[PDB]
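Number of protein chains: 2
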Amino acid sequence: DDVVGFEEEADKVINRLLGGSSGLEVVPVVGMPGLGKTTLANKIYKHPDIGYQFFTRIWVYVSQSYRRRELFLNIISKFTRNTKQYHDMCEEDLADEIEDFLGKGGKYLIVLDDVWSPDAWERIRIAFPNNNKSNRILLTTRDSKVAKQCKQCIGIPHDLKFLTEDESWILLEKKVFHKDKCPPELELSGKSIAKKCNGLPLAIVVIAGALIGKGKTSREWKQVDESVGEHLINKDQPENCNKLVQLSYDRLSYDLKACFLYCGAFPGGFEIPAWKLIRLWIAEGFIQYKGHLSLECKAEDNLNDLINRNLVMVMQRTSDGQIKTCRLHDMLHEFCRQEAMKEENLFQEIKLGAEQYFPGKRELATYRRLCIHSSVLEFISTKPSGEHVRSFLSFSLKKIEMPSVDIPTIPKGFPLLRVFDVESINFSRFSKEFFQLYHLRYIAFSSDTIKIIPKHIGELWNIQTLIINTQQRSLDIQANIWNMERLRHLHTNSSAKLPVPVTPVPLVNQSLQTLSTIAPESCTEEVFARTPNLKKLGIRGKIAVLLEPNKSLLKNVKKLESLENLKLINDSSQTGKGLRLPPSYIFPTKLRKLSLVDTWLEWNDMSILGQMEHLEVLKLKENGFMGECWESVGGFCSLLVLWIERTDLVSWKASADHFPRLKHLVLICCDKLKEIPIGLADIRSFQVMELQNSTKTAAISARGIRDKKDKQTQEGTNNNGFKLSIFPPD
Amino acid sequence: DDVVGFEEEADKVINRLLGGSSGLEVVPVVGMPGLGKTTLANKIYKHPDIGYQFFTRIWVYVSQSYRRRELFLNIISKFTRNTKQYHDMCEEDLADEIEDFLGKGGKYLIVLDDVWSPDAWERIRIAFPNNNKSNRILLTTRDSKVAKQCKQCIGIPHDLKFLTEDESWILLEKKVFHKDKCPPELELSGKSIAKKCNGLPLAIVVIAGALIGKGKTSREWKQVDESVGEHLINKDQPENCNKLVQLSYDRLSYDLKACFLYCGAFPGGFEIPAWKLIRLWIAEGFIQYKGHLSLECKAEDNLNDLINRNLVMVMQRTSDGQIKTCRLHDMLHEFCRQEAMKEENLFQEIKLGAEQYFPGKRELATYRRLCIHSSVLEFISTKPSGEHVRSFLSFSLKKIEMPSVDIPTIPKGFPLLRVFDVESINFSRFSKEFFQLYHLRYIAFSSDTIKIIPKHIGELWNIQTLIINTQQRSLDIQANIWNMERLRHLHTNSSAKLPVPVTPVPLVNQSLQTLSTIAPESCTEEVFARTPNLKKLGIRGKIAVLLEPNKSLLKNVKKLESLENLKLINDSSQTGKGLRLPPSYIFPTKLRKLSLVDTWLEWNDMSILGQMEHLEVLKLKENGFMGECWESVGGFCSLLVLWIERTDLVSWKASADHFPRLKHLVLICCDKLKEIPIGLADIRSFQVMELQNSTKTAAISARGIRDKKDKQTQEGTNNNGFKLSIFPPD
Ligand SMILES: Nc1ncnc2c1ncn2[C@@H]1O[C@H](COP(=O)(O)OP(=O)(O)O)[C@@H](O)[C@H]1O
Ligand SMILES: Nc1ncnc2c1ncn2[C@@H]1O[C@H](COP(=O)(O)OP(=O)(O)O)[C@@H](O)[C@H]1O
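Residue numbers (our numbering), protein chains in the order written: chain A, 842 to 1571; chain B, 842 to 1571.
Here you go:
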């Protein structure tokens, strides 16, 4: 409930939505960036009354650099998982598909954030039919002319009010002091600050983060108070607010300063993968820690400082509470840009400006880090060359093929390249000079034809992370990854057939921690003997090769003492019944996360999982577990999160003793579940619960469980209210 | 000498060039389009005094849609034939290469036609160094601000004057009446017209063509006189002059109207290949002739009407006088556009306008013929679909690769496609749905990976012309081209291994006329037995397989009675001496054109060629003939043109009886020629003569021959003055 002073505005907006015309209706929210337009939209999205009243709730991100085809793909992905048929149809075809998808449903609302030009609104409006079902469009805009120019915009342009003072002091106190009370010698400074921010929440949260970072001293509070007083916030000039961000930026440590500045190289509206980005922090040497925690731990700590300062906003978190997807505010992105080019020339972006001509070698040679986001193919066709370029950064929501003749240009022009992520570029093959980059550390790309990883990859002695994505069924690795001592991580989407190591000095790879998806045949004794420090393991392929009762290779997994994350993917031609678990003591004594996919195991097998006393997060995906009768056997003494998706389970019996400490519980696509155990509502730690494609009997059992737990909350000191998801509410 | 009234302007421009500053100097020529800027530039280029004074003379075409990399490639192609090393270097690298290439030479001039914006001039000027050698730049522009903005443009902007009336009447009379005298009842109309064109040569030539097309009657002359009087030519509004072109356009026949309008679909500044374009018409059914001449003959007649009306201007002609490269004036191109979209909606062009968004299906479905010239890859990535599209037209000076996943989009979106020329698009493979186009007639594309022509190509029963270009050494054709009765032409750049026909109805392909270079092993008896009407033959590969004395296959060529054009390319691993011709009577009795490449034959072999009494044009390319002593044996009773390039010939003896009727004579890269026969100057028909990379002894022999022939011209009635090329004059 981190929303202060928006209750009246949200209530009046909701009143506008539920009332008004009975046909199509669009409400525009205009305001100076950072004032709370998207935050208010998110509050409206999560409000219970509107969600109950609206059958379908879609969140859409537009941004300035919107792609209509990409946007239509994004909307289509929210309806049908089988997206292979929609990749070929032209844009109006997916527009009609969206039209009929929302036609099949009931009353719906569409949320369009950060629309910059009226022509974009006109081009996207064609996908929303007028079915006289009181469908609503929550449009957010920076300019009132966008709403004014539309004849169909019958609703008056709602100018969202700026934050009131009563909201100010309370908001800033909640942000910076949390549950603490401000000392008297800082209270007047806080009030003066709140009056001096001119009710702009982004400025308030950024100065709160700055105050947290340095210390809660009266002198520093007076300094920031006079600084914000020296910067009057004009209602028509947002750039001065960037100066306030400067008052935060100077307070960060030099390496942390640098990583925050590098965080701005990403495109606006881009949902950053957390794991990818921590790798960018590590590969570039930005993360330096002379302490007991690992470098990845230090990078996670830095991300935690970023989020708690409200500099980087997290949109989706992992099931266990970790950060999954983070992004930067568009105003903060513009400030980071302005700093990057006009102030400290750390890195530069190459964009198709009004001149429509790309920079030549003379200007490019002065760059140190590049970031090409659109029209990359033309730029690489120009064949640039940078002798002082240390990085190549490029993310796009669309995949761009790699011209073969143009392939050798990138390595030849950048011999001093260190990191090179082209995950939006589909490499067709490997060039010889690509193999000459001895200074490379991070390489990640996609391919649709590469089957054999060549031997010469072993001669890159400075690579730290290697990420490969492909649509091929099986991937063969011929390069000697075992002698690559500095290699730390691997991530693959296909079945990776690692070479069988040969036994010959400290050849043991103590730095290798995570190695993503590996074919079952490579999970041998020698492979795990060379990496005792492995923590995350992933197996992809015919799991029957792993888990035959007579010659199961999981005995080798027993000797891996440092393992905590295991992933198994079943790609066998036949995935029928007959699979069973080995004795429970075979597993590592300190494993934490295991995920079973397409295993087709009997329910009783969790008894093996019942022996592990430290299991806390478990995920079942794509027919991990099934069986008509599920009886809870054994006690999961430390289970916190269990995640089951698309199982034909019918009946489940459970008790509080079986799962004494569960916190997160998820069922998805359970088309045959009869009832959820009532006694689960008797567990105090049971907090969050969700349904998807469940039976009506499951729905009424869920409602009864919610009522019982709410009554228990009325009985005991259950501070954390129960969370139930009525999805879909149709 | 078709230049009237420009003698004074050309003389003063030449005086400016030879005089002025001793360093870099740029003369700009500004004027309303069609006034004669490029024509005056061409006259200056071909003037003898400037060519003698200037060591290096380069012609450069810029146009509005100029590409700096393409332009630099074009300039580099004029210096070194080995262009494989220059394809990889970045733009400034070829700029420096051009800098040193002109540095090695002496005083030079660079001609830049049709420069539209000053920034283009600034970006191209960096390739021209200041060596204090009085180098000159003939720049042609439409706006004086382009010259004014340049600080280095010390020379005053020369505003070229409009043609005077005395030149006018003479110019129009030379254009329309040639050597005839205007009747008195049309002379006053001609004078009134010439005064009413306001001295604009393009208008004069177009109305002369219109008058020629309809008839030289007094009433029609009065009609065109009042029409041009009704259209006053404003000096600042060129669009009204387009109306005058209308007075010509309405006078053409409907099919000829249509083909002229289709001629405008090509990009401005594009040098049209004549053969391709007659193929494009013959495929679209535009050429209809109910007469004895072939359809190709009718198309050539139409092109002749186009050129003699000055609607289409020819830049380079074939050695025998035929049209090789033709183009349209930029003002005429704009008029053709205006007519195409705003008037008769015959065809439309898809371009990246200020909106920066490509048309959708709704507008595209109303189109009948398309023409995409730039940013084609984005358009095909959009995946357009046209149910009423009958043609797909795309030429570019650069090669664009074909995305595999995007490959199927083109055929699926255009099932009613008839012609499809993507010769600027590099196809990587064949898609199955591409093979579903049963309405296709003309297909032409380039590839760097296609080795096997698939069988299903035989199921396209409506194909008339098939053109394939590839860099592969050998091309295999598996499709049954023999049962393709409507197929008329084939053109390949690689060795084409045709399938061996099997003997089984009129299966004989009487419509097949030309079939490009074909691998030697396919020149069998059965192949030539199925196409008795063949006229142009081409063989590419190991010619030793064709021409072994014991088992030569040219006996089969004997039975081909309709053959007139033969091409042979030697791609054998060893091309050493030992090759010899068969007896002369083996050849068809009516052959006209033969070309020998890399044959390595003895000189005496022309005795066989001496037997053919109707040989008129012969070309020797890439070591066709060699030998220290060349003695002329036999009499070429009808030889007109002989063409020899890069031979190590030393001594040649010839007489007038050997070549009694030669007209065009060419020697290129003769690094060892001792002397040219003096008696060749005694031949009356000897008119044109050229040298390239010749010896100094060859140069002085050439000068003596020129002096002797000029003295003979002073003796006899040699109306056609002798033409000698001082090339290079360094
Ligand atoms: N009621 C509120 N309580 C706390 N923070 C808020 C509130 N409204 C806005 N904010 C903060 O203001 C910032 C700007 O939010 P957002 O609406 O996403 O951008 P914009 O206002 O430009 O659309 C957010 O980071 C958010 O944390
Ligand atoms: N002195 C001349 N004699 C005959 N025709 C001319 C003369 N000068 C120009 N023309 C004609 O005028 C037309 C325009 O010529 P050009 O110079 O190529 O275009 P622009 O004047 O727009 O540069 C040409 O087709 C040419 O035939």
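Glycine included, C-beta positions come from ideal geometry on N, C-alpha and C.
Report the residues of the stretch 1185 to 1217 of chain B with a CB closer than 7 Å to any CB of chain A, ordered along the chain.
-> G1201 and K1202
Report yes or no: do three or more beta-carbon pairs, one from the stretch 1475 to 1492 of chain A and one from the stretch 1500 to 1508 of chain A, lie closer than 8 Å?
-> yes
Chain A residues whose Cβ lies nearer than 8 Å to that of B/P1244 | By 1-based counting over the second sequence, the position of residue 1244 of chain B is 403. Result: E1242.
Which of the residues in the stretch 917 to 951 of chain A, read from start to end, lie with their CB under 9 Å from any CB of chain B?
-> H928, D929, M930, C931, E932, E933 and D934
Contact under 8 Å by Cβ, A/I899 with A/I917 | For the purposes of this step, residue 899 of chain A is identified with residue 58 of the first sequence, where counting begins at 1. For the purposes of this step, residue 917 of chain A is identified with residue 76 of the first sequence, where counting begins at 1. No, the pair does not count as a contact, with Cβ atoms beyond the cut-off.
Might you give, ordered along the chain, the residues of its own chain that have their beta carbon closer than 8 Å to the beta carbon of B/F1236, omitting 5 neighbours on each side?
-> On the second sequence, residue 1236 of chain B is found 395 positions in, with the first residue counted as 1. Closer than 8 Å at Cβ, skipping near neighbours: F1107, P1108, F1111, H1214, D1262, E1264 and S1265.
Using a C-beta cutoff of 8 Å, does B/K1273 count as contacting chain A?
-> As a working mapping, residue 1273 of chain B is identified with position 432 in the second sequence. So no, B/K1273 is outside the interface.
Members of the stretch 1222 to 1240 of chain A that neighbour chain B once the beta carbon cut-off is set at 9 Å = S1222, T1223, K1224, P1225, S1226, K1239 and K1240
Alpha carbon to alpha carbon, how far is B/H1455 from B/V1438?
-> Here residue 1455 of chain B is taken as the residue at index 614 of the second sequence, counted from 1. Here residue 1438 of chain B is taken as the residue at index 597 of the second sequence, counted from 1. Near 21 Å, if we compare the C-alpha coordinates of B/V1438 and B/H1455.
Status (buried if at least 16 other CB within 10 Å, exposed otherwise) for A/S1357 | One-based indexing of the first sequence puts residue 1357 of chain A at position 516. Per the 10 Å Cβ criterion, buried.
For A/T981, which of helix, strand or coil comes out of DSSP?
-> Locating residue 981 of chain A in the first sequence gives position 140, where the first residue counts as 1. Of the three classes helix, strand and coil, the one that applies to A/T981 here is strand, per DSSP.
Member of A/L1278, A/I1291 and A/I1567 whose CA lies at the smallest distance from the CA of A/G1299 | Within the first sequence, the letter at position 458 stands for residue 1299 of chain A. Checked all of A/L1278, A/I1291 and A/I1567; the closest Cα to A/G1299 is A/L1278.
Start and end residues, beta strand (DSSP E) containing B/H1332 | Residue numbering aside, residue 1332 of chain B sits at position 491 when the second sequence is read from its first letter. Element bounds for B/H1332: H1330 to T1333.
Have a look at A/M1154 and B/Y927 and give me their C-alpha separation to the nearest angstrom.
-> One-based indexing of the first sequence puts residue 1154 of chain A at position 313. One-based indexing of the second sequence puts residue 927 of chain B at position 86. Taking the straight line joining both Cα atoms gives about 49 Å.
Given a cut-off of 8 Å, decide if B/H1170 and B/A1206 are closer than it, judged by their beta-carbon atoms.
-> By 1-based counting over the second sequence, the position of residue 1206 of chain B is 365. By 1-based counting over the second sequence, the position of residue 1170 of chain B is 329. The answer is no: Cβ separation not under 8 Å.
N- and C-terminal bounds of the alpha helix (DSSP H) containing A/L1097 = For the purposes of this step, residue 1097 of chain A is taken as residue 256 along the first sequence, with counting starting at 1. Its alpha helix (DSSP H) spans residues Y1095 to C1104.
Through-space distance from A/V987 to A/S958, alpha-carbon basis = Here residue 958 of chain A corresponds to residue number 117 of the first sequence, with the count starting at 1. Here residue 987 of chain A corresponds to residue number 146 of the first sequence, with the count starting at 1. Cα to Cα, the separation comes out at about 6 Å.
Could you give the distance in angstroms between the alpha-carbon of A/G875 and the alpha-carbon of A/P1042?
-> On the first sequence, position 34 is the one that residue 875 of chain A refers to. On the first sequence, position 201 is the one that residue 1042 of chain A refers to. Rounded to whole angstroms, A/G875 to A/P1042 spans 7 Å at the Cα level.
Can you find a heavy atom of ligand 1 that lies under 7 Å from the Cβ of A/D1077?
-> Stepping through the first sequence from its first residue, residue 1077 of chain A is reached at position 236. Not under cutoff, so the answer is no.
CA-CA distance, B/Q1157 and B/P1114?
-> As a position in the second sequence, residue 1157 of chain B is number 316, starting the count at 1. As a position in the second sequence, residue 1114 of chain B is number 273, starting the count at 1. Cα to Cα, B/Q1157 sits roughly 10 Å from B/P1114.
Per-residue burial, B/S1403 [other beta carbons within 10 Å of its own, 16 or more giving buried] | Walking along the second sequence from the start, residue 1403 of chain B turns up at place 562. It is exposed - the Cβ of B/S1403 has fewer than 16 other Cβ atoms within 10 Å.
Is the number of C-beta pairs between the stretch 1403 to 1423 of chain A and the stretch 1374 to 1384 of chain A that are closer than 8 Å three or more?
-> yes
Distance, Cα to Cα, A/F1003 vs A/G1105?
-> Counted from its first residue, the first sequence places residue 1003 of chain A at position 162. Counted from its first residue, the first sequence places residue 1105 of chain A at position 264. Roughly 27 Å separates the two Cα atoms.
Expected contact under 8 Å - CB spacing of B/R1327 and B/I1294 to nearest Å | Looking up residue 1327 of chain B in the second sequence gives position 486. Looking up residue 1294 of chain B in the second sequence gives position 453. At roughly 18 Å, the Cβ-Cβ gap does not stay under 8 Å, so B/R1327 and B/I1294 are not in contact.
Alpha carbon of B/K1273 to alpha carbon of A/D1289, nearest angstrom = Along the second sequence, one-based indexing puts residue 1273 of chain B at 432. Along the first sequence, one-based indexing puts residue 1289 of chain A at 448. Cα-Cα distance, rounded: 19 Å.
Beta strand (DSSP E) runs wholly inside the stretch 1352 to 1403 of chain A, at least 3 long, in chain order | 1355 to 1359 and 1377 to 1382
Inter-residue Cα distance where the pair is A/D1146 and A/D852 | As a working mapping, residue 1146 of chain A is identified with position 305 in the first sequence. As a working mapping, residue 852 of chain A is identified with position 11 in the first sequence. Answer to the nearest angstrom: the Cα atoms are 34 Å apart.
Neighbourhood of A/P1249 by C-beta distance below 6 Å, restricted to the same chain and skipping five residues each side | In the first sequence, residue 1249 of chain A corresponds to position 408, counting from 1. Result list for A/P1249: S1272 and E1274, in chain order.
First and last residue of the uninterrupted beta strand (DSSP E) at A/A1285 | On the first sequence, residue 1285 of chain A is found 444 positions in, with the first residue counted as 1. Element bounds for A/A1285: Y1283 to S1288.
Exposed or buried, B/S863, counting other C-beta atoms within 10 Å across all chains shown (16 or more means buried)?
-> If you number the second sequence from 1, residue 863 of chain B lands on position 22. Under this definition B/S863 is an exposed residue.
Is DSSP giving A/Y902 helix, strand or coil here?
-> Walking along the first sequence from the start, residue 902 of chain A turns up at place 61. Correct three-state label for A/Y902: strand.
Any chance the CB of B/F895 is under 7 Å from a heavy atom of ligand 4?
-> Questions concerning ligand 4 fall outside what the structure shown contains, since the ligands it does hold are ligand 1 and ligand 2.
How about B/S1352 and B/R1371: are their beta carbons less than 8 Å apart?
-> Stepping through the second sequence from its first residue, residue 1352 of chain B is reached at position 511. Stepping through the second sequence from its first residue, residue 1371 of chain B is reached at position 530. Cβ distance not < 8 Å, so B/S1352 and B/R1371 don't count as in contact.
Quick one: is residue 802 of chain B buried, meaning 16 or more other Cβ sit within 10 Å of its Cβ, or exposed?
-> Given that chain B is displayed from residue 842 to residue 1571, the structure contains no residue 802 of chain B and the question cannot be resolved.
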